[PDB]
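K.L.:
For reference, the file start.txt (compact mmCIF, C-alpha atoms and all ligand atoms) is included below:
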# COMPACT_ATOMS: atom_id res chain seq x y z
CA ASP O 1 -39.31 -2.27 5.95
CA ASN O 2 -35.88 -3.33 4.66
CA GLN O 3 -33.21 -0.90 3.43
CA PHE O 4 -31.08 -3.91 2.40
CA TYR O 5 -31.11 -6.89 0.05
CA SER O 6 -28.97 -10.02 -0.37
CA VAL O 7 -27.18 -11.55 -3.35
CA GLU O 8 -24.53 -14.20 -3.72
CA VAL O 9 -21.42 -12.79 -5.41
CA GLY O 10 -18.97 -15.66 -5.81
CA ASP O 11 -18.78 -17.80 -2.66
CA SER O 12 -19.91 -14.82 -0.56
CA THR O 13 -23.25 -13.30 0.39
CA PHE O 14 -23.47 -9.52 0.06
CA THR O 15 -26.12 -7.70 2.10
CA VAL O 16 -26.06 -4.12 0.87
CA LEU O 17 -28.16 -0.97 0.78
CA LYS O 18 -30.67 -1.06 -2.07
CA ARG O 19 -28.93 1.98 -3.64
CA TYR O 20 -26.11 -0.38 -4.68
CA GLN O 21 -27.09 -2.31 -7.77
CA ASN O 22 -25.77 -4.90 -10.20
CA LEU O 23 -22.94 -6.21 -8.02
CA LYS O 24 -20.01 -7.85 -9.85
CA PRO O 25 -17.16 -9.70 -8.13
CA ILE O 26 -13.69 -8.12 -8.21
CA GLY O 27 -12.01 -10.58 -5.83
CA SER O 28 -11.71 -12.09 -2.35
CA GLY O 29 -8.71 -11.82 -0.02
CA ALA O 30 -7.90 -12.86 3.55
CA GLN O 31 -9.23 -9.63 5.11
CA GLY O 32 -11.91 -8.53 2.61
CA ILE O 33 -14.24 -9.45 -0.24
CA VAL O 34 -14.66 -6.82 -2.98
CA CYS O 35 -17.30 -6.07 -5.64
CA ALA O 36 -18.20 -3.38 -8.20
CA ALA O 37 -21.66 -1.82 -8.07
CA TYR O 38 -23.79 0.94 -9.50
CA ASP O 39 -24.82 3.50 -6.89
CA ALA O 40 -28.31 4.69 -7.89
CA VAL O 41 -28.25 7.64 -5.46
CA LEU O 42 -24.92 9.08 -6.56
CA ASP O 43 -25.48 7.94 -10.17
CA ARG O 44 -21.96 6.52 -10.44
CA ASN O 45 -19.99 3.28 -10.16
CA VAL O 46 -18.53 2.28 -6.79
CA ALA O 47 -16.42 -0.43 -5.21
CA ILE O 48 -17.65 -2.14 -2.03
CA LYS O 49 -15.51 -4.07 0.44
CA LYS O 50 -17.11 -6.49 2.90
CA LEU O 51 -15.23 -7.16 6.13
CA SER O 52 -16.65 -10.42 7.58
CA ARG O 53 -16.62 -10.42 11.40
CA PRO O 54 -13.49 -8.23 11.45
CA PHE O 55 -13.44 -8.55 15.27
CA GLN O 56 -12.86 -12.33 14.97
CA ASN O 57 -9.19 -12.02 16.00
CA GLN O 58 -6.71 -9.38 17.17
CA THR O 59 -5.00 -9.20 13.76
CA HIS O 60 -8.19 -8.66 11.73
CA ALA O 61 -9.64 -6.31 14.36
CA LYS O 62 -6.68 -4.01 14.92
CA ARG O 63 -6.31 -3.52 11.17
CA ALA O 64 -10.05 -2.98 10.52
CA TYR O 65 -10.37 -0.53 13.40
CA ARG O 66 -7.23 1.47 12.58
CA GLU O 67 -8.16 1.65 8.91
CA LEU O 68 -11.69 2.89 9.71
CA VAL O 69 -10.33 5.62 12.00
CA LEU O 70 -7.65 6.71 9.49
CA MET O 71 -10.07 6.73 6.53
CA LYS O 72 -12.27 9.27 8.31
CA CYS O 73 -9.21 11.45 9.07
CA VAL O 74 -7.21 11.61 5.80
CA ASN O 75 -8.22 13.89 2.92
CA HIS O 76 -6.25 13.48 -0.31
CA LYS O 77 -6.95 12.53 -3.92
CA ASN O 78 -4.22 9.84 -3.94
CA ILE O 79 -5.53 8.09 -0.81
CA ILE O 80 -8.75 6.11 -0.50
CA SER O 81 -11.70 8.26 0.53
CA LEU O 82 -14.73 6.57 1.99
CA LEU O 83 -18.06 7.28 0.28
CA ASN O 84 -20.09 5.26 2.76
CA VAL O 85 -19.79 2.75 5.57
CA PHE O 86 -22.62 0.55 6.84
CA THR O 87 -23.66 -2.64 8.58
CA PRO O 88 -26.95 -4.42 7.78
CA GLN O 89 -27.08 -5.55 11.43
CA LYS O 90 -29.25 -3.55 13.78
CA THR O 91 -27.50 -3.78 17.19
CA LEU O 92 -24.04 -4.44 18.69
CA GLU O 93 -25.17 -7.91 19.79
CA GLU O 94 -26.21 -8.86 16.25
CA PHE O 95 -23.29 -7.02 14.61
CA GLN O 96 -21.45 -9.20 12.07
CA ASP O 97 -20.13 -7.36 8.98
CA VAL O 98 -18.83 -3.96 7.81
CA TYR O 99 -19.23 -2.64 4.26
CA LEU O 100 -16.92 0.05 2.94
CA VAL O 101 -17.68 1.97 -0.24
CA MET O 102 -15.38 4.00 -2.47
CA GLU O 103 -15.19 5.29 -6.05
CA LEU O 104 -14.84 2.48 -8.62
CA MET O 105 -11.32 2.47 -10.07
CA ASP O 106 -10.31 0.70 -13.31
CA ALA O 107 -7.25 -1.37 -12.55
CA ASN O 108 -4.93 -2.72 -9.95
CA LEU O 109 -1.32 -1.53 -10.14
CA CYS O 110 -0.14 -5.13 -10.62
CA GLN O 111 -1.95 -5.07 -13.99
CA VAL O 112 -0.46 -1.67 -14.89
CA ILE O 113 3.06 -2.95 -14.03
CA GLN O 114 2.78 -5.60 -16.76
CA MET O 115 2.13 -2.95 -19.42
CA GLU O 116 4.74 -1.19 -21.47
CA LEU O 117 4.53 2.29 -20.01
CA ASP O 118 5.79 5.56 -21.40
CA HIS O 119 7.78 7.92 -19.15
CA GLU O 120 4.88 10.36 -18.88
CA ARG O 121 2.72 7.62 -17.34
CA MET O 122 5.45 6.07 -15.18
CA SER O 123 6.57 9.41 -13.72
CA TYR O 124 2.94 10.43 -13.11
CA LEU O 125 2.09 7.20 -11.23
CA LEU O 126 5.24 7.63 -9.12
CA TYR O 127 4.52 11.32 -8.48
CA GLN O 128 1.05 10.39 -7.19
CA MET O 129 2.37 7.62 -4.95
CA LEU O 130 4.82 10.15 -3.47
CA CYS O 131 2.00 12.68 -2.90
CA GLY O 132 -0.13 10.02 -1.18
CA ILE O 133 2.84 8.99 0.98
CA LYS O 134 3.72 12.61 1.76
CA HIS O 135 0.12 13.18 2.90
CA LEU O 136 0.21 10.16 5.22
CA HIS O 137 3.61 11.16 6.64
CA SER O 138 2.28 14.67 7.38
CA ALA O 139 -0.29 13.02 9.69
CA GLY O 140 2.39 10.89 11.29
CA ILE O 141 1.25 7.85 9.30
CA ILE O 142 4.24 5.80 8.11
CA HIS O 143 2.97 2.94 5.89
CA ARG O 144 5.88 0.45 5.75
CA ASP O 145 3.92 -2.03 3.63
CA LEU O 146 3.22 -0.29 0.34
CA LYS O 147 2.66 -2.75 -2.50
CA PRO O 148 1.12 -2.68 -5.99
CA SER O 149 -1.79 -5.04 -5.15
CA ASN O 150 -3.13 -2.38 -2.71
CA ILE O 151 -2.86 0.46 -5.22
CA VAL O 152 -5.52 1.20 -7.84
CA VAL O 153 -5.58 3.29 -11.00
CA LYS O 154 -8.06 4.84 -13.41
CA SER O 155 -7.79 4.93 -17.22
CA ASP O 156 -6.80 8.60 -16.99
CA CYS O 157 -3.69 7.47 -15.02
CA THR O 158 -4.99 8.75 -11.66
CA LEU O 159 -3.95 6.66 -8.66
CA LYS O 160 -5.12 5.84 -5.13
CA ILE O 161 -3.45 4.01 -2.23
CA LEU O 162 -6.00 1.73 -0.52
CA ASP O 163 -4.48 0.85 2.87
CA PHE O 164 -2.51 2.36 5.76
CA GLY O 165 0.18 -0.27 6.28
CA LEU O 166 1.58 -1.84 9.44
CA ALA O 167 0.53 -1.23 13.04
CA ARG O 168 2.89 1.39 14.55
CA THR O 169 3.76 -0.81 17.56
CA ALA O 170 2.13 -4.12 16.49
CA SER O 171 0.68 -11.45 15.25
CA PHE O 172 -1.14 -14.48 13.78
CA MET O 173 -4.10 -15.65 11.67
CA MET O 174 -5.33 -19.06 10.47
CA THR O 175 -5.22 -17.65 6.91
CA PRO O 176 -5.12 -19.67 3.68
CA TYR O 177 -3.54 -16.64 1.95
CA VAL O 178 0.08 -15.49 2.44
CA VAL O 179 1.30 -11.90 2.88
CA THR O 180 3.23 -10.18 0.06
CA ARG O 181 6.54 -9.03 1.58
CA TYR O 182 8.67 -8.22 -1.50
CA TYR O 183 8.28 -4.39 -1.32
CA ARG O 184 9.31 -4.10 2.34
CA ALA O 185 12.36 -2.03 3.29
CA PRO O 186 15.56 -3.53 4.78
CA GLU O 187 14.64 -1.81 8.06
CA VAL O 188 11.35 -3.79 8.07
CA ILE O 189 13.03 -7.05 6.97
CA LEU O 190 15.68 -6.64 9.69
CA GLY O 191 13.50 -5.10 12.44
CA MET O 192 15.59 -1.95 12.62
CA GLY O 193 13.62 1.13 13.48
CA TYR O 194 12.79 3.47 10.67
CA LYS O 195 11.79 6.94 9.56
CA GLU O 196 9.62 8.35 6.75
CA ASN O 197 11.86 7.10 3.91
CA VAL O 198 11.09 3.45 4.70
CA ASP O 199 8.29 4.05 2.14
CA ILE O 200 10.76 5.21 -0.56
CA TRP O 201 12.19 1.69 -0.69
CA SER O 202 8.76 0.27 -1.62
CA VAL O 203 8.24 2.97 -4.27
CA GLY O 204 11.67 2.00 -5.67
CA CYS O 205 10.69 -1.69 -5.79
CA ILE O 206 7.55 -0.75 -7.72
CA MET O 207 9.43 1.54 -10.11
CA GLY O 208 12.09 -1.11 -10.77
CA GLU O 209 9.38 -3.69 -11.41
CA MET O 210 7.70 -1.29 -13.87
CA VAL O 211 11.03 -1.31 -15.74
CA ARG O 212 12.20 -4.91 -15.26
CA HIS O 213 8.72 -6.52 -15.39
CA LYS O 214 9.89 -8.90 -12.66
CA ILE O 215 9.64 -8.64 -8.88
CA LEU O 216 13.02 -7.21 -7.83
CA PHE O 217 13.36 -9.08 -4.54
CA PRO O 218 11.34 -12.30 -4.55
CA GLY O 219 11.69 -14.89 -1.78
CA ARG O 220 9.79 -17.58 0.15
CA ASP O 221 10.66 -15.72 3.35
CA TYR O 222 12.84 -12.85 4.62
CA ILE O 223 16.04 -14.99 4.36
CA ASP O 224 15.47 -15.57 0.65
CA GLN O 225 14.44 -11.92 0.24
CA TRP O 226 17.57 -10.53 1.89
CA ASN O 227 19.77 -12.74 -0.30
CA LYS O 228 18.11 -11.30 -3.40
CA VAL O 229 18.72 -7.77 -2.04
CA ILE O 230 22.45 -8.11 -1.26
CA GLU O 231 23.48 -9.88 -4.46
CA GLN O 232 21.94 -7.13 -6.59
CA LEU O 233 22.86 -4.12 -4.44
CA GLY O 234 25.76 -5.50 -2.37
CA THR O 235 26.61 -5.72 1.33
CA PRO O 236 25.83 -2.50 3.24
CA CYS O 237 28.49 -0.30 4.87
CA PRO O 238 29.77 -0.83 8.49
CA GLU O 239 27.73 2.22 9.60
CA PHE O 240 24.56 0.36 8.58
CA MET O 241 25.56 -2.68 10.69
CA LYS O 242 25.92 -0.61 13.90
CA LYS O 243 22.17 0.08 13.83
CA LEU O 244 21.30 -3.65 13.79
CA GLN O 245 20.34 -5.69 16.88
CA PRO O 246 23.33 -7.87 17.87
CA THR O 247 21.44 -11.02 16.81
CA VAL O 248 20.45 -9.76 13.34
CA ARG O 249 23.87 -8.06 13.02
CA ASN O 250 25.63 -11.44 13.47
CA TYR O 251 23.40 -12.98 10.81
CA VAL O 252 23.84 -10.15 8.26
CA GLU O 253 27.56 -9.56 8.92
CA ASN O 254 27.89 -13.32 8.19
CA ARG O 255 26.07 -13.86 4.86
CA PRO O 256 27.95 -14.82 1.63
CA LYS O 257 29.39 -11.43 0.67
CA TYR O 258 28.55 -9.40 -2.48
CA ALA O 259 29.90 -6.33 -4.31
CA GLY O 260 26.56 -5.64 -5.99
CA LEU O 261 25.85 -4.51 -9.55
CA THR O 262 25.79 -0.94 -10.85
CA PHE O 263 22.39 0.45 -11.83
CA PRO O 264 23.15 0.46 -15.58
CA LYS O 265 23.74 -3.28 -15.13
CA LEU O 266 20.69 -3.71 -12.86
CA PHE O 267 18.46 -1.91 -15.38
CA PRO O 268 20.05 -2.03 -18.89
CA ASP O 269 19.19 0.46 -21.66
CA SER O 270 17.31 -2.28 -23.55
CA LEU O 271 14.64 -2.00 -20.83
CA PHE O 272 14.04 1.68 -21.47
CA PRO O 273 12.29 3.56 -24.27
CA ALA O 274 15.27 5.21 -25.99
CA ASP O 275 14.00 5.99 -29.51
CA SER O 276 14.12 9.78 -29.14
CA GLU O 277 16.41 12.22 -27.37
CA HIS O 278 13.50 12.90 -24.96
CA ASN O 279 13.26 9.21 -24.03
CA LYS O 280 17.04 8.73 -23.81
CA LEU O 281 17.15 11.62 -21.34
CA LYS O 282 14.19 10.24 -19.35
CA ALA O 283 15.84 6.78 -19.23
CA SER O 284 18.88 8.41 -17.64
CA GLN O 285 16.78 10.31 -15.10
CA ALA O 286 14.71 7.24 -14.24
CA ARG O 287 17.84 5.18 -13.47
CA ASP O 288 19.24 8.03 -11.37
CA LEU O 289 16.03 8.07 -9.25
CA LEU O 290 16.03 4.29 -8.98
CA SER O 291 19.68 4.39 -7.83
CA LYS O 292 18.62 6.79 -5.08
CA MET O 293 15.50 4.90 -3.91
CA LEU O 294 16.89 1.38 -3.83
CA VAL O 295 19.54 2.23 -1.25
CA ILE O 296 19.83 -0.40 1.53
CA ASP O 297 20.98 2.08 4.17
CA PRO O 298 18.08 4.47 5.11
CA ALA O 299 20.62 7.16 6.07
CA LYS O 300 21.76 7.28 2.45
CA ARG O 301 18.34 6.75 0.75
CA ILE O 302 16.47 9.76 -0.68
CA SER O 303 13.60 11.34 1.20
CA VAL O 304 10.05 11.86 -0.06
CA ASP O 305 10.65 15.61 -0.45
CA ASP O 306 13.84 15.11 -2.47
CA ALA O 307 12.19 12.42 -4.67
CA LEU O 308 9.42 14.96 -5.41
CA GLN O 309 12.20 17.39 -6.43
CA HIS O 310 13.92 14.89 -8.73
CA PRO O 311 13.73 15.94 -12.44
CA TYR O 312 12.01 12.63 -13.38
CA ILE O 313 9.18 13.50 -10.98
CA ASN O 314 9.14 17.26 -10.61
CA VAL O 315 7.52 17.91 -14.02
CA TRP O 316 4.21 17.13 -12.25
CA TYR O 317 4.88 19.10 -9.05
CA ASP O 318 1.83 21.02 -7.80
CA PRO O 319 1.72 22.77 -4.37
CA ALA O 320 -1.99 22.02 -3.99
CA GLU O 321 -1.19 18.28 -4.35
CA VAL O 322 2.17 18.10 -2.55
CA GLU O 323 1.46 20.53 0.32
CA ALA O 324 -2.18 19.72 1.21
CA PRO O 325 -3.31 20.29 4.84
CA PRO O 326 -2.53 17.32 7.16
CA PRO O 327 -5.27 14.87 8.35
CA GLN O 328 -6.82 15.21 11.82
CA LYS O 329 -7.66 8.69 18.11
CA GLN O 330 -4.27 9.35 19.76
CA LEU O 331 -4.45 5.92 21.46
CA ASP O 332 -4.83 3.89 18.21
CA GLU O 333 -2.44 1.04 19.09
CA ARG O 334 -3.99 -1.12 21.84
CA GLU O 335 -4.74 -4.74 22.80
CA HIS O 336 -8.32 -6.04 23.20
CA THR O 337 -10.53 -9.12 23.49
CA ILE O 338 -12.94 -10.14 20.70
CA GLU O 339 -15.82 -8.53 22.58
CA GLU O 340 -13.96 -5.26 23.12
CA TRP O 341 -12.90 -5.00 19.46
CA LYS O 342 -16.46 -5.78 18.36
CA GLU O 343 -17.80 -2.73 20.26
CA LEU O 344 -14.92 -0.44 19.22
CA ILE O 345 -15.53 -1.27 15.55
CA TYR O 346 -19.31 -1.08 15.99
CA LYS O 347 -19.23 2.43 17.51
CA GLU O 348 -16.98 3.70 14.71
CA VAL O 349 -19.30 2.29 12.02
CA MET O 350 -22.32 3.88 13.77
CA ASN O 351 -20.45 7.16 14.44
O1 LIG U 1 -12.23 -6.22 -12.63
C1 LIG U 1 -12.57 -5.21 -12.02
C2 LIG U 1 -14.06 -4.95 -11.75
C3 LIG U 1 -14.96 -5.02 -12.99
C4 LIG U 1 -15.02 -6.13 -11.95
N1 LIG U 1 -11.69 -4.29 -11.54
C5 LIG U 1 -10.22 -4.49 -11.79
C6 LIG U 1 -9.37 -4.15 -10.56
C7 LIG U 1 -9.78 -2.79 -9.94
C8 LIG U 1 -11.30 -2.83 -9.55
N2 LIG U 1 -11.72 -1.55 -8.99
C9 LIG U 1 -11.51 -1.19 -7.72
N3 LIG U 1 -11.80 0.06 -7.34
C10 LIG U 1 -11.57 0.47 -6.02
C11 LIG U 1 -11.05 -0.45 -5.12
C12 LIG U 1 -10.81 -1.77 -5.54
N4 LIG U 1 -10.29 -2.67 -4.70
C13 LIG U 1 -10.40 -2.77 -3.36
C14 LIG U 1 -11.16 -2.02 -2.54
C15 LIG U 1 -12.52 -1.84 -2.87
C16 LIG U 1 -13.37 -1.07 -2.08
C17 LIG U 1 -12.87 -0.50 -0.92
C18 LIG U 1 -13.71 0.27 -0.13
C19 LIG U 1 -13.21 0.85 1.03
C20 LIG U 1 -11.88 0.66 1.40
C21 LIG U 1 -11.03 -0.11 0.60
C22 LIG U 1 -11.52 -0.69 -0.56
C23 LIG U 1 -10.67 -1.46 -1.37
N5 LIG U 1 -9.67 -3.79 -2.95
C24 LIG U 1 -9.08 -4.35 -4.00
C25 LIG U 1 -8.25 -5.40 -4.07
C26 LIG U 1 -7.73 -5.82 -5.29
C27 LIG U 1 -8.10 -5.12 -6.43
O2 LIG U 1 -7.62 -5.50 -7.65
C28 LIG U 1 -8.97 -4.03 -6.30
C29 LIG U 1 -9.45 -3.66 -5.09
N6 LIG U 1 -11.02 -2.08 -6.83
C30 LIG U 1 -12.15 -3.09 -10.79
Rewrite the structure from the file as structure tokens, please.

P.N.:
Amino acid sequence: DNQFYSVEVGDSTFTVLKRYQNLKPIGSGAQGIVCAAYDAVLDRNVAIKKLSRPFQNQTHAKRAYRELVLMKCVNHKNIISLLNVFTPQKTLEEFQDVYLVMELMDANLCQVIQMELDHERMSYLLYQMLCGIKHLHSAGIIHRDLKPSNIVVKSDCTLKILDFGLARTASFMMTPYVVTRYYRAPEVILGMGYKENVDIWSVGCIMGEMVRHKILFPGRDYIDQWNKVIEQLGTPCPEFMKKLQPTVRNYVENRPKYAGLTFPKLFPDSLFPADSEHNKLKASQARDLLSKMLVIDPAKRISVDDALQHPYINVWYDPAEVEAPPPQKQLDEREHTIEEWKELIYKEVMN
């Protein structure tokens, strides 16, 4: 008797529970292959991610393992919640692939970013991102790699964050696909040490992109990225420098210097809906929030709690959403061989 069946979806073979029907490709990345399906048991649409041999290297394995643990711990409407996890393989020795199942969402945030969005929708997306991030922070999870390609939305403007970011302590992979680094905070770009509001920078980069319809800080690498940051925002204050490693400090203290543009210049009125007094006011509040999120120095950048209190955002504020109970192992960050990772991942899948 077989609980599973196989179909080719794109280049990949999906071996899934028979409950999951009519599989359609969504995409394939370096760390997962994704499809839409109908779930005949739940009578609803789902998304399924296949992790192929996630134990194949330390980078794949640490991420897969950590994400599986965290998914089972967190509990919040703006963060991925796992409907099901399974492997078609019957023992540890035969163990190859992991399938993760969640509610089917409608769009990636990249797609949403390209749309002309009203202030109601923009502020509501941002509010939800902040709730998701608050929830993670309350469990001691600091993301540090939030980006629109890992955020999904429904037609009713509801939002979910799909991943849990960088390894707290944290190498290499023979990948064809590059990592998107444009939404990373200065403290990540410059290896600085960080607190909760490292994630505010990324939210600011998303918000600014929603307005500008261009990636705020593009670059081939961190060098290019930092240049794009300083010319727009200017060279940080001496106090910021002191918190840099002597080697990065030399490099930063020595770049072609910049005063940086004001936020009205960075995001002109022509970019904002300003056809009604309501929209003119919202344009002003949006730029104020932006000016507080895109602050190079973390000591001067707004916190998650204060962003949630900002008038652009606070119209949505709800204690049940903002102040939900924290997620519930303590040794997460480790180093292992292929064979050790294989068993760690296998036992988590099997419970
Ligand atoms: O074109 C389609 C479908 C009609 C073919 N779309 C448009 C984009 C959103 C799709 N729905 C969806 N929902 C949830 C996650 C997800 N998803 C997932 C995904 C999917 C399933 C997951 C299950 C467990 C843990 C994480 C999971 C992550 N990865 C994605 C990467 C890129 C991406 O655009 C979406 C990703 N994607 C549906």

K.L.:
Per residue of chain O within 8 Å of ligand LIG 1 (chain U), what are the shortest atom pair and its distance in Å to one decimal, counting all atoms listed in the file, with rows by chain and residue number, as a tab-separated table?

P.N.:
residue	atom	partner	partner_atom	distance
O:24	CA	U:LIG1	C4	5.7
O:25	CA	U:LIG1	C4	5.6
O:26	CA	U:LIG1	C4	4.4
O:27	CA	U:LIG1	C26	6.4
O:28	CA	U:LIG1	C25	7.7
O:29	CA	U:LIG1	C25	7.6
O:32	CA	U:LIG1	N5	7.6
O:33	CA	U:LIG1	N5	7.8
O:34	CA	U:LIG1	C15	5.4
O:35	CA	U:LIG1	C4	6.7
O:36	CA	U:LIG1	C4	5.6
O:46	CA	U:LIG1	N3	7.1
O:47	CA	U:LIG1	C16	4.4
O:48	CA	U:LIG1	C16	4.4
O:49	CA	U:LIG1	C16	4.5
O:80	CA	U:LIG1	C20	6.6
O:81	CA	U:LIG1	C19	7.6
O:82	CA	U:LIG1	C19	6.0
O:99	CA	U:LIG1	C18	7.6
O:100	CA	U:LIG1	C19	4.2
O:101	CA	U:LIG1	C18	4.3
O:102	CA	U:LIG1	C18	4.7
O:103	CA	U:LIG1	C10	6.0
O:104	CA	U:LIG1	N3	4.1
O:105	CA	U:LIG1	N3	3.7
O:106	CA	U:LIG1	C7	4.9
O:107	CA	U:LIG1	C7	3.9
O:108	CA	U:LIG1	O2	4.5
O:109	CA	U:LIG1	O2	7.9
O:149	CA	U:LIG1	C26	6.0
O:150	CA	U:LIG1	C25	6.1
O:151	CA	U:LIG1	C28	7.7
O:152	CA	U:LIG1	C7	6.2
O:153	CA	U:LIG1	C7	7.5
O:162	CA	U:LIG1	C21	5.5
O:163	CA	U:LIG1	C21	7.0

K.L.:
Pull C-alpha atoms from the residues just selected and write them as an mmCIF file, in the coordinates of the input.

P.N.:
data_model
loop_
_atom_site.group_PDB
_atom_site.id
_atom_site.type_symbol
_atom_site.label_atom_id
_atom_site.label_comp_id
_atom_site.auth_asym_id
_atom_site.auth_seq_id
_atom_site.Cartn_x
_atom_site.Cartn_y
_atom_site.Cartn_z
ATOM 1 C CA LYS O 24 -20.010 -7.850 -9.850
ATOM 2 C CA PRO O 25 -17.160 -9.700 -8.130
ATOM 3 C CA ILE O 26 -13.690 -8.120 -8.210
ATOM 4 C CA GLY O 27 -12.010 -10.580 -5.830
ATOM 5 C CA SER O 28 -11.710 -12.090 -2.350
ATOM 6 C CA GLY O 29 -8.710 -11.820 -0.020
ATOM 7 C CA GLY O 32 -11.910 -8.530 2.610
ATOM 8 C CA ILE O 33 -14.240 -9.450 -0.240
ATOM 9 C CA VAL O 34 -14.660 -6.820 -2.980
ATOM 10 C CA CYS O 35 -17.300 -6.070 -5.640
ATOM 11 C CA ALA O 36 -18.200 -3.380 -8.200
ATOM 12 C CA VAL O 46 -18.530 2.280 -6.790
ATOM 13 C CA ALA O 47 -16.420 -0.430 -5.210
ATOM 14 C CA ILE O 48 -17.650 -2.140 -2.030
ATOM 15 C CA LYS O 49 -15.510 -4.070 0.440
ATOM 16 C CA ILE O 80 -8.750 6.110 -0.500
ATOM 17 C CA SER O 81 -11.700 8.260 0.530
ATOM 18 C CA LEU O 82 -14.730 6.570 1.990
ATOM 19 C CA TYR O 99 -19.230 -2.640 4.260
ATOM 20 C CA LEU O 100 -16.920 0.050 2.940
ATOM 21 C CA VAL O 101 -17.680 1.970 -0.240
ATOM 22 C CA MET O 102 -15.380 4.000 -2.470
ATOM 23 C CA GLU O 103 -15.190 5.290 -6.050
ATOM 24 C CA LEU O 104 -14.840 2.480 -8.620
ATOM 25 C CA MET O 105 -11.320 2.470 -10.070
ATOM 26 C CA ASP O 106 -10.310 0.700 -13.310
ATOM 27 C CA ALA O 107 -7.250 -1.370 -12.550
ATOM 28 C CA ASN O 108 -4.930 -2.720 -9.950
ATOM 29 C CA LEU O 109 -1.320 -1.530 -10.140
ATOM 30 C CA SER O 149 -1.790 -5.040 -5.150
ATOM 31 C CA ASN O 150 -3.130 -2.380 -2.710
ATOM 32 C CA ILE O 151 -2.860 0.460 -5.220
ATOM 33 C CA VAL O 152 -5.520 1.200 -7.840
ATOM 34 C CA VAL O 153 -5.580 3.290 -11.000
ATOM 35 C CA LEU O 162 -6.000 1.730 -0.520
ATOM 36 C CA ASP O 163 -4.480 0.850 2.870
#

K.L.:
Mind checking which residues fall within 9 Å of residue O:69, counting all atoms listed in the file, ignoring those fewer than 4 positions away in the same chain, and posting them as a ChimeraX atom specification?

P.N.:
/O:64-65,73,329,332,348

K.L.:
Show me the residues around (14.3, -12.8, 5.4) - criterion: an atom at most 12 Å away, only C-alpha atoms counted - as a list in words.

P.N.:
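The residues that fall inside the cut-off are residues 181, 182, 184, 185, 186, 187, 188, 189, 190, 191, 217, 218, 219, 220, 221, 222, 223, 224, 225, 226, 227, 228, 229, 230, 248, 251, 252 and 255 of chain O.
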
K.L.:
Please write the residues from the selection above to a file, keeping C-alpha atoms, as a CSV table (one decimal), keeping the file's coordinate frame.

P.N.:
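Here's the written file part10.csv:
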chain,number,residue,atom,x,y,z
O,181,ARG,CA,6.5,-9.0,1.6
O,182,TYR,CA,8.7,-8.2,-1.5
O,184,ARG,CA,9.3,-4.1,2.3
O,185,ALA,CA,12.4,-2.0,3.3
O,186,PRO,CA,15.6,-3.5,4.8
O,187,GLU,CA,14.6,-1.8,8.1
O,188,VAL,CA,11.4,-3.8,8.1
O,189,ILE,CA,13.0,-7.0,7.0
O,190,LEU,CA,15.7,-6.6,9.7
O,191,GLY,CA,13.5,-5.1,12.4
O,217,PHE,CA,13.4,-9.1,-4.5
O,218,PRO,CA,11.3,-12.3,-4.6
O,219,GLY,CA,11.7,-14.9,-1.8
O,220,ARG,CA,9.8,-17.6,0.2
O,221,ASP,CA,10.7,-15.7,3.4
O,222,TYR,CA,12.8,-12.8,4.6
O,223,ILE,CA,16.0,-15.0,4.4
O,224,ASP,CA,15.5,-15.6,0.6
O,225,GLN,CA,14.4,-11.9,0.2
O,226,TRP,CA,17.6,-10.5,1.9
O,227,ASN,CA,19.8,-12.7,-0.3
O,228,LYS,CA,18.1,-11.3,-3.4
O,229,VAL,CA,18.7,-7.8,-2.0
O,230,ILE,CA,22.4,-8.1,-1.3
O,248,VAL,CA,20.4,-9.8,13.3
O,251,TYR,CA,23.4,-13.0,10.8
O,252,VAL,CA,23.8,-10.2,8.3
O,255,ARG,CA,26.1,-13.9,4.9

K.L.:
Kindly indicate which residue among O:285, O:57, O:84, O:52 lies nearest to residue O:171, using all atoms listed in the file for the distances.

P.N.:
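Distance minimum relative to residue O:171 lands on O:57.
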
K.L.:
Measuring atom to atom with all atoms listed in the file, identify which of O:167, O:211, O:313, O:83 is nearest to residue O:125.

P.N.:
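Using all atoms listed in the file, the shortest distance to residue O:125 belongs to O:313.
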
K.L.:
Quick one: pull the distance between atom CA of residue O:97 and atom CA of residue O:61, Å, one decimal.

P.N.:
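These two atoms are separated by 11.8 Å.
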
K.L.:
Can you pull out the residues contacting residue O:261? Cut-off 7 Å, using only C-alpha atoms, and skip same-chain residues under 2 positions away; I want them as a compact mmCIF listing (two decimals) with C-alpha atoms, in the frame of the given file.

P.N.:
# COMPACT_ATOMS: atom_id res chain seq x y z
CA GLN O 232 21.94 -7.13 -6.59
CA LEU O 233 22.86 -4.12 -4.44
CA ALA O 259 29.90 -6.33 -4.31
CA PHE O 263 22.39 0.45 -11.83
CA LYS O 265 23.74 -3.28 -15.13
CA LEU O 266 20.69 -3.71 -12.86
